[PDB]
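Everything below belongs to structure.cif, which stores mmCIF, N, CA and C atoms.
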data_data
#
loop_
_atom_site.label_atom_id
_atom_site.label_comp_id
_atom_site.auth_asym_id
_atom_site.auth_seq_id
_atom_site.Cartn_x
_atom_site.Cartn_y
_atom_site.Cartn_z
N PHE A 852 118.28 152.82 -0.05
CA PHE A 852 118.66 151.85 -1.07
C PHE A 852 119.37 152.57 -2.21
N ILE A 853 120.61 152.18 -2.47
CA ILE A 853 121.39 152.65 -3.61
C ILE A 853 122.04 151.44 -4.27
N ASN A 854 121.81 151.27 -5.57
CA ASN A 854 122.33 150.11 -6.29
C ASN A 854 123.75 150.35 -6.79
N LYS A 855 124.65 150.78 -5.90
CA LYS A 855 126.04 151.02 -6.24
C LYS A 855 126.92 150.37 -5.18
N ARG A 856 127.87 149.55 -5.62
CA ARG A 856 128.74 148.81 -4.72
C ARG A 856 129.79 149.78 -4.18
N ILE A 857 129.39 150.55 -3.17
CA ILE A 857 130.29 151.57 -2.63
C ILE A 857 131.27 150.97 -1.63
N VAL A 858 130.77 150.20 -0.66
CA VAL A 858 131.60 149.61 0.38
C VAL A 858 131.23 148.14 0.53
N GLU A 859 132.20 147.26 0.30
CA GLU A 859 132.04 145.83 0.53
C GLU A 859 133.19 145.32 1.38
N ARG A 860 132.88 144.50 2.37
CA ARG A 860 133.92 143.77 3.08
C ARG A 860 134.40 142.63 2.20
N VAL A 861 135.70 142.35 2.25
CA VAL A 861 136.30 141.43 1.29
C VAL A 861 137.54 140.80 1.91
N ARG A 862 137.89 139.62 1.41
CA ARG A 862 139.09 138.95 1.87
C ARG A 862 140.33 139.66 1.34
N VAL A 863 141.47 139.41 1.99
CA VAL A 863 142.72 140.05 1.60
C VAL A 863 143.29 139.51 0.30
N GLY A 864 142.76 138.41 -0.22
CA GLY A 864 143.19 137.94 -1.52
C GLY A 864 142.50 138.67 -2.66
N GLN A 865 141.30 139.19 -2.42
CA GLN A 865 140.55 139.91 -3.43
C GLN A 865 140.79 141.42 -3.38
N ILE A 866 141.90 141.86 -2.80
CA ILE A 866 142.24 143.27 -2.84
C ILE A 866 142.62 143.70 -4.25
N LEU A 867 143.30 142.83 -4.99
CA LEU A 867 143.71 143.11 -6.36
C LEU A 867 142.72 142.53 -7.35
N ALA A 868 141.44 142.53 -6.98
CA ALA A 868 140.38 142.10 -7.87
C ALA A 868 139.77 143.25 -8.65
N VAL A 869 140.24 144.48 -8.43
CA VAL A 869 139.74 145.64 -9.15
C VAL A 869 140.68 146.06 -10.27
N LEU A 870 141.72 145.27 -10.53
CA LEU A 870 142.66 145.58 -11.61
C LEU A 870 142.03 145.14 -12.93
N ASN A 871 141.16 146.01 -13.47
CA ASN A 871 140.50 145.70 -14.73
C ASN A 871 140.40 146.90 -15.66
N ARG A 872 141.22 147.93 -15.45
CA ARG A 872 141.18 149.14 -16.25
C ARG A 872 142.45 149.22 -17.08
N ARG A 873 142.30 149.22 -18.40
CA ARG A 873 143.43 149.23 -19.31
C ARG A 873 143.97 150.65 -19.42
N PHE A 874 145.05 150.93 -18.70
CA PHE A 874 145.69 152.24 -18.77
C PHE A 874 146.73 152.27 -19.87
N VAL A 875 146.87 153.43 -20.49
CA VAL A 875 147.78 153.64 -21.62
C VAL A 875 148.74 154.75 -21.20
N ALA A 876 149.97 154.39 -20.86
CA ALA A 876 150.95 155.34 -20.37
C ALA A 876 152.04 155.57 -21.42
N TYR A 877 152.68 156.73 -21.34
CA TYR A 877 153.67 157.12 -22.32
C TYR A 877 155.08 157.00 -21.75
N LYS A 878 156.04 156.89 -22.66
CA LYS A 878 157.42 156.64 -22.28
C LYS A 878 158.05 157.86 -21.63
N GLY A 879 159.02 157.61 -20.75
CA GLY A 879 159.71 158.69 -20.08
C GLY A 879 160.74 159.39 -20.93
N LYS A 880 161.19 158.75 -22.00
CA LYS A 880 162.24 159.31 -22.84
C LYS A 880 161.69 160.03 -24.06
N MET A 881 160.38 160.06 -24.23
CA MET A 881 159.73 160.88 -25.24
C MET A 881 159.16 162.13 -24.58
N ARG A 882 158.67 163.05 -25.40
CA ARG A 882 158.16 164.31 -24.90
C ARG A 882 156.76 164.57 -25.42
N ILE A 883 156.01 165.37 -24.67
CA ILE A 883 154.66 165.78 -25.01
C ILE A 883 154.60 167.29 -24.86
N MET A 884 154.31 168.00 -25.95
CA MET A 884 154.21 169.45 -25.90
C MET A 884 152.92 169.91 -26.56
N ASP A 885 152.38 171.00 -26.03
CA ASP A 885 151.08 171.53 -26.44
C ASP A 885 151.31 172.64 -27.47
N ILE A 886 150.92 172.38 -28.71
CA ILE A 886 151.18 173.32 -29.79
C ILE A 886 149.88 174.00 -30.20
N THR A 887 148.95 174.11 -29.25
CA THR A 887 147.70 174.82 -29.50
C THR A 887 147.96 176.28 -29.85
N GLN A 888 148.85 176.94 -29.11
CA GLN A 888 149.24 178.31 -29.42
C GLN A 888 150.13 178.43 -30.65
N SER A 889 150.55 177.33 -31.26
CA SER A 889 151.37 177.42 -32.47
C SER A 889 150.56 177.67 -33.73
N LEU A 890 149.24 177.74 -33.64
CA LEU A 890 148.39 178.02 -34.78
C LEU A 890 148.18 179.51 -35.01
N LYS A 891 148.95 180.36 -34.34
CA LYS A 891 148.82 181.79 -34.49
C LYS A 891 150.12 182.46 -34.91
N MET A 892 151.21 181.71 -35.03
CA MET A 892 152.46 182.28 -35.48
C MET A 892 152.42 182.48 -36.98
N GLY A 893 152.82 183.67 -37.43
CA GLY A 893 152.84 183.96 -38.85
C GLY A 893 152.86 185.44 -39.13
N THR A 894 153.62 185.86 -40.13
CA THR A 894 153.71 187.27 -40.48
C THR A 894 152.79 187.57 -41.65
N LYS A 895 152.43 188.84 -41.77
CA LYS A 895 151.55 189.30 -42.83
C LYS A 895 152.38 189.93 -43.93
N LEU A 896 152.22 189.45 -45.15
CA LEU A 896 152.99 189.98 -46.26
C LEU A 896 152.43 191.34 -46.66
N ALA A 897 153.26 192.36 -46.58
CA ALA A 897 152.82 193.70 -46.93
C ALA A 897 152.74 193.84 -48.45
N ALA A 898 152.00 194.85 -48.87
CA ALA A 898 151.92 195.08 -50.31
C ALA A 898 153.05 196.00 -50.75
N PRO A 899 153.61 195.82 -51.94
CA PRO A 899 154.65 196.73 -52.41
C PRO A 899 154.05 198.08 -52.77
N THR A 900 154.74 199.14 -52.37
CA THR A 900 154.24 200.50 -52.50
C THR A 900 155.06 201.26 -53.54
N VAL A 901 154.75 202.54 -53.66
CA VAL A 901 155.44 203.42 -54.59
C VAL A 901 156.03 204.62 -53.86
N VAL B 490 189.37 230.14 -46.12
CA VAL B 490 188.50 229.10 -45.59
C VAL B 490 188.95 227.74 -46.09
N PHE B 491 189.17 227.64 -47.40
CA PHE B 491 189.50 226.37 -48.05
C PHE B 491 190.91 226.46 -48.61
N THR B 492 191.85 225.78 -47.97
CA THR B 492 193.24 225.76 -48.42
C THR B 492 193.79 224.38 -48.11
N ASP B 493 194.58 223.83 -49.05
CA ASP B 493 195.05 222.45 -48.96
C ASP B 493 195.96 222.22 -47.76
N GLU B 494 196.61 223.26 -47.25
CA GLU B 494 197.34 223.14 -45.99
C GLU B 494 196.45 223.45 -44.79
N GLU B 495 195.50 224.38 -44.93
CA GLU B 495 194.55 224.64 -43.86
C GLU B 495 193.57 223.49 -43.66
N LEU B 496 193.38 222.65 -44.68
CA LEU B 496 192.51 221.50 -44.53
C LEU B 496 193.25 220.29 -43.99
N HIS B 497 194.57 220.26 -44.11
CA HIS B 497 195.36 219.16 -43.58
C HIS B 497 195.90 219.45 -42.18
N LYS B 498 195.70 220.65 -41.65
CA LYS B 498 196.17 220.96 -40.31
C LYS B 498 195.19 220.44 -39.27
N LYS B 499 195.74 220.08 -38.11
CA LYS B 499 194.98 219.46 -37.03
C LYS B 499 194.61 220.50 -35.97
N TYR B 500 193.94 220.03 -34.92
CA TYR B 500 193.52 220.89 -33.83
C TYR B 500 193.74 220.26 -32.45
N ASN B 501 194.46 219.15 -32.36
CA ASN B 501 194.71 218.51 -31.07
C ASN B 501 196.00 219.01 -30.43
N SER B 502 196.15 220.33 -30.38
CA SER B 502 197.37 220.96 -29.90
C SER B 502 197.03 222.02 -28.87
N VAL B 503 198.04 222.40 -28.09
CA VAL B 503 197.87 223.51 -27.16
C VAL B 503 197.96 224.83 -27.92
N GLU B 504 198.68 224.85 -29.04
CA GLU B 504 198.87 226.08 -29.80
C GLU B 504 197.61 226.46 -30.57
N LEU B 505 197.04 225.51 -31.31
CA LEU B 505 195.81 225.73 -32.05
C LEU B 505 194.78 224.68 -31.66
N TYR B 506 193.52 225.09 -31.62
CA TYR B 506 192.49 224.33 -30.92
C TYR B 506 191.12 224.81 -31.40
N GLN B 507 190.09 224.28 -30.76
CA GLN B 507 188.74 224.79 -30.92
C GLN B 507 188.29 225.45 -29.62
N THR B 508 187.35 226.38 -29.74
CA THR B 508 186.87 227.17 -28.61
C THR B 508 185.37 226.97 -28.45
N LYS B 509 184.94 226.64 -27.23
CA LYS B 509 183.54 226.40 -26.95
C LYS B 509 182.75 227.71 -26.92
N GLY B 510 181.44 227.57 -26.71
CA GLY B 510 180.55 228.69 -26.50
C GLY B 510 179.44 228.26 -25.57
N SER B 511 178.57 229.21 -25.24
CA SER B 511 177.46 228.93 -24.33
C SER B 511 176.36 229.96 -24.55
N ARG B 512 175.11 229.50 -24.50
CA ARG B 512 173.96 230.39 -24.56
C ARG B 512 172.86 229.85 -23.66
N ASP B 513 171.99 230.76 -23.23
CA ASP B 513 171.11 230.53 -22.10
C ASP B 513 169.80 229.86 -22.53
N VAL B 514 168.98 229.54 -21.54
CA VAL B 514 167.72 228.82 -21.70
C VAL B 514 166.73 229.33 -20.66
N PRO B 515 165.40 229.20 -20.93
CA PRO B 515 164.40 229.79 -20.02
C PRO B 515 164.38 229.31 -18.57
N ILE B 516 164.29 228.01 -18.30
CA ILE B 516 164.24 227.57 -16.91
C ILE B 516 165.43 226.67 -16.61
N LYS B 517 165.94 225.99 -17.63
CA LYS B 517 166.99 225.00 -17.45
C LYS B 517 168.33 225.67 -17.14
N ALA B 518 169.30 224.84 -16.77
CA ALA B 518 170.66 225.33 -16.61
C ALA B 518 171.30 225.55 -17.97
N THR B 519 172.33 226.40 -18.00
CA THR B 519 172.89 226.90 -19.25
C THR B 519 173.58 225.79 -20.02
N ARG B 520 173.04 225.47 -21.19
CA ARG B 520 173.60 224.42 -22.02
C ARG B 520 174.66 225.00 -22.95
N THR B 521 175.65 224.17 -23.27
CA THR B 521 176.76 224.60 -24.10
C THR B 521 176.37 224.61 -25.57
N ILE B 522 177.19 225.29 -26.36
CA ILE B 522 177.10 225.25 -27.82
C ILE B 522 178.52 225.20 -28.36
N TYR B 523 178.74 224.34 -29.35
CA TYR B 523 180.07 224.08 -29.88
C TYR B 523 180.32 224.94 -31.11
N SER B 524 181.48 225.59 -31.16
CA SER B 524 181.89 226.42 -32.28
C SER B 524 183.00 225.70 -33.03
N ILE B 525 182.71 225.28 -34.26
CA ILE B 525 183.67 224.55 -35.08
C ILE B 525 184.27 225.52 -36.08
N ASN B 526 185.55 225.31 -36.39
CA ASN B 526 186.24 226.13 -37.38
C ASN B 526 185.63 225.91 -38.75
N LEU B 527 185.46 227.01 -39.49
CA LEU B 527 184.74 226.98 -40.75
C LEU B 527 185.51 226.31 -41.88
N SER B 528 186.79 225.99 -41.67
CA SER B 528 187.54 225.26 -42.69
C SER B 528 187.07 223.82 -42.79
N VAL B 529 186.79 223.18 -41.66
CA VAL B 529 186.43 221.77 -41.62
C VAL B 529 184.96 221.56 -41.35
N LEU B 530 184.13 222.58 -41.52
CA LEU B 530 182.69 222.40 -41.50
C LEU B 530 182.10 222.37 -42.90
N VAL B 531 182.77 222.97 -43.87
CA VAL B 531 182.41 222.89 -45.29
C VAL B 531 182.52 221.45 -45.82
N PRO B 532 183.50 220.61 -45.43
CA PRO B 532 183.37 219.18 -45.75
C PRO B 532 182.19 218.49 -45.08
N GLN B 533 181.66 219.02 -43.99
CA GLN B 533 180.38 218.51 -43.50
C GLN B 533 179.20 219.14 -44.23
N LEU B 534 179.40 220.30 -44.85
CA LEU B 534 178.32 220.93 -45.61
C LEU B 534 178.05 220.20 -46.91
N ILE B 535 179.07 219.60 -47.51
CA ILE B 535 178.91 219.03 -48.84
C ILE B 535 178.23 217.66 -48.80
N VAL B 536 178.28 216.95 -47.67
CA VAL B 536 177.78 215.59 -47.61
C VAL B 536 176.56 215.43 -46.71
N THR B 537 176.25 216.41 -45.87
CA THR B 537 175.03 216.37 -45.08
C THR B 537 173.94 217.26 -45.65
N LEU B 538 174.17 217.86 -46.82
CA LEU B 538 173.19 218.74 -47.45
C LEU B 538 171.91 218.03 -47.91
N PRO B 539 171.92 216.81 -48.54
CA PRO B 539 170.62 216.19 -48.85
C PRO B 539 169.93 215.52 -47.66
N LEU B 540 170.43 215.73 -46.44
CA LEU B 540 169.71 215.32 -45.25
C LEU B 540 169.08 216.48 -44.50
N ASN B 541 169.64 217.69 -44.64
CA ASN B 541 169.03 218.84 -43.98
C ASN B 541 167.77 219.28 -44.71
N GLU B 542 167.78 219.24 -46.04
CA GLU B 542 166.61 219.64 -46.81
C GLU B 542 165.54 218.56 -46.83
N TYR B 543 165.93 217.29 -46.68
CA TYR B 543 164.98 216.20 -46.85
C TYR B 543 164.04 216.10 -45.66
N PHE B 544 164.58 216.20 -44.45
CA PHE B 544 163.76 216.17 -43.25
C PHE B 544 163.23 217.54 -42.86
N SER B 545 163.20 218.48 -43.81
CA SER B 545 162.68 219.81 -43.55
C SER B 545 161.17 219.91 -43.76
N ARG B 546 160.58 218.99 -44.52
CA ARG B 546 159.14 219.02 -44.74
C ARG B 546 158.41 218.63 -43.46
N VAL B 547 157.12 218.97 -43.41
CA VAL B 547 156.36 218.84 -42.17
C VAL B 547 155.49 217.59 -42.17
N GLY B 548 155.12 217.11 -43.35
CA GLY B 548 154.21 215.98 -43.46
C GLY B 548 154.93 214.64 -43.43
N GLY B 549 154.23 213.63 -42.92
CA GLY B 549 154.80 212.30 -42.86
C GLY B 549 153.88 211.23 -42.30
N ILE B 550 154.09 209.99 -42.74
CA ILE B 550 153.32 208.84 -42.30
C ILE B 550 154.22 207.97 -41.43
N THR B 551 153.78 207.71 -40.20
CA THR B 551 154.60 207.02 -39.20
C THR B 551 154.01 205.64 -38.93
N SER B 552 154.41 204.67 -39.74
CA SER B 552 154.02 203.30 -39.51
C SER B 552 155.27 202.43 -39.39
N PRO B 553 155.28 201.46 -38.46
CA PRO B 553 156.49 200.65 -38.28
C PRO B 553 156.74 199.69 -39.42
N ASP B 554 155.69 199.06 -39.95
CA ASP B 554 155.83 198.16 -41.09
C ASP B 554 155.91 198.88 -42.43
N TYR B 555 155.90 200.21 -42.42
CA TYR B 555 156.18 200.98 -43.63
C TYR B 555 157.67 200.94 -43.93
N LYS B 556 158.00 200.89 -45.22
CA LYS B 556 159.40 200.77 -45.62
C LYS B 556 160.16 202.09 -45.56
N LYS B 557 159.46 203.22 -45.56
CA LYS B 557 160.15 204.49 -45.68
C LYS B 557 160.70 204.95 -44.33
N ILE B 558 161.63 205.89 -44.39
CA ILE B 558 162.35 206.33 -43.21
C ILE B 558 162.16 207.81 -42.92
N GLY B 559 161.63 208.59 -43.88
CA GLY B 559 161.53 210.02 -43.69
C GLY B 559 160.35 210.46 -42.86
N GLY B 560 159.25 209.69 -42.88
CA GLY B 560 158.08 210.09 -42.12
C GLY B 560 158.22 209.87 -40.63
N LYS B 561 159.06 208.92 -40.23
CA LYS B 561 159.16 208.52 -38.84
C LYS B 561 160.15 209.35 -38.05
N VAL B 562 160.96 210.17 -38.70
CA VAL B 562 161.83 211.13 -38.02
C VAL B 562 161.45 212.52 -38.51
N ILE B 563 161.63 213.52 -37.65
CA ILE B 563 161.23 214.88 -37.97
C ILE B 563 162.06 215.84 -37.12
N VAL B 564 162.58 216.88 -37.77
CA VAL B 564 163.29 217.97 -37.10
C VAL B 564 162.55 219.26 -37.41
N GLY B 565 161.99 219.89 -36.38
CA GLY B 565 161.28 221.14 -36.55
C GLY B 565 162.21 222.33 -36.74
N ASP B 566 161.59 223.49 -36.89
CA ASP B 566 162.32 224.73 -37.11
C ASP B 566 162.53 225.45 -35.77
N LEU B 567 163.02 226.69 -35.85
CA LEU B 567 163.27 227.49 -34.65
C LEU B 567 161.96 227.92 -34.00
N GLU B 568 161.10 228.59 -34.77
CA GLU B 568 159.79 229.00 -34.29
C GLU B 568 158.74 228.01 -34.75
N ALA B 569 157.71 227.82 -33.92
CA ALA B 569 156.61 226.91 -34.24
C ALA B 569 155.76 227.52 -35.35
N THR B 570 155.88 226.97 -36.56
CA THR B 570 155.10 227.44 -37.69
C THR B 570 153.64 227.06 -37.51
#
For the file at hand, write its structure as structure tokens.
Amino acid sequence: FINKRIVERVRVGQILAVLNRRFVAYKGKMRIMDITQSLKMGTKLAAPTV
Amino acid sequence: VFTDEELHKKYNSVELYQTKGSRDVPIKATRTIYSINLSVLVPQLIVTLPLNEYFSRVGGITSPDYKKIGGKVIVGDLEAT
């Protein structure tokens, strides 16, 4: 006994009865880039010497 | 050595020219040495003089982000002091 609807026989009209998940997709003409490694760019200001 | 006509004369001729030299080495093949006429080496003596004495010291700090230029180059002497 498992209380999970794993396999059910169903009519061919209820094949598209699982369309209930709101997906959020992005446009093809925009871009997505990962700038995680951009938090390490930077130079160190040296001290003036004599 | 220093004459206003001897300083204006050239050396790209068959008549007057420069003459090479050569001296030996311990294991390597014999490397050449160039002999320049002393008339036109004194104009190199007057303008390269504060570079021969400046890199003559032995001490120096070799850092890339350091602004100075004398510590990162070094020319030793003939015998290892």
Distance-based interface of chain B with chain A, 10 Å, counting only C-alpha atoms, as a PyMOL selection string:
chain B and resi 554-557
Straight-line distance linking atom N of residue 509 (chain B) with atom C of residue 525 (chain B), stated in Å to one decimal:
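Calculated distance between atom N of residue 509 (chain B) and atom C of residue 525 (chain B) is 8.9 Å.
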Can you spell out as a PDB file with N, CA and C atoms, in the coordinates of the input the set of residues that the PyMOL selection byres ((chain B and resi 524) around 7) selects in the structure I just provided?
ATOM      1  N   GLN B 507     190.090 224.280 -30.760  1.00  0.00           N
ATOM      2  CA  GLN B 507     188.740 224.790 -30.920  1.00  0.00           C
ATOM      3  C   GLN B 507     188.290 225.450 -29.620  1.00  0.00           C
ATOM      4  N   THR B 508     187.350 226.380 -29.740  1.00  0.00           N
ATOM      5  CA  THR B 508     186.870 227.170 -28.610  1.00  0.00           C
ATOM      6  C   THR B 508     185.370 226.970 -28.450  1.00  0.00           C
ATOM      7  N   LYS B 509     184.940 226.640 -27.230  1.00  0.00           N
ATOM      8  CA  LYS B 509     183.540 226.400 -26.950  1.00  0.00           C
ATOM      9  C   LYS B 509     182.750 227.710 -26.920  1.00  0.00           C
ATOM     10  N   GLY B 510     181.440 227.570 -26.710  1.00  0.00           N
ATOM     11  CA  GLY B 510     180.550 228.690 -26.500  1.00  0.00           C
ATOM     12  C   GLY B 510     179.440 228.260 -25.570  1.00  0.00           C
ATOM     13  N   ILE B 522     177.190 225.290 -26.360  1.00  0.00           N
ATOM     14  CA  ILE B 522     177.100 225.250 -27.820  1.00  0.00           C
ATOM     15  C   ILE B 522     178.520 225.200 -28.360  1.00  0.00           C
ATOM     16  N   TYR B 523     178.740 224.340 -29.350  1.00  0.00           N
ATOM     17  CA  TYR B 523     180.070 224.080 -29.880  1.00  0.00           C
ATOM     18  C   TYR B 523     180.320 224.940 -31.110  1.00  0.00           C
ATOM     19  N   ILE B 525     182.710 225.280 -34.260  1.00  0.00           N
ATOM     20  CA  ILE B 525     183.670 224.550 -35.080  1.00  0.00           C
ATOM     21  C   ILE B 525     184.270 225.520 -36.080  1.00  0.00           C
ATOM     22  N   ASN B 526     185.550 225.310 -36.390  1.00  0.00           N
ATOM     23  CA  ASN B 526     186.240 226.130 -37.380  1.00  0.00           C
ATOM     24  C   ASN B 526     185.630 225.910 -38.750  1.00  0.00           C
TER      25      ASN B 526
END
Residues in the PyMOL selection byres ((chain B and resi 547) around 8), expressed as a PyMOL selection string
chain B and resi 543-546+548-550+560+563-565
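When atom C of residue 540 (chain B) is paired with atom N of residue 491 (chain B), their separation reads 23.2 Å.
Between atom N of residue 896 (chain A) and CA of residue 552 (chain B) lies a distance of 15.1 Å.
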The centre and edge lengths of an axis-aligned box containing all atoms of region 882-900 of chain A present in the file, extended by 4 Å on each side, are to be given in Å to one decimal, as lines of an AutoDock Vina configuration file.
center_x = 153.2
center_y = 182.2
center_z = -39.1
size_x = 19.0
size_y = 46.2
size_z = 36.9
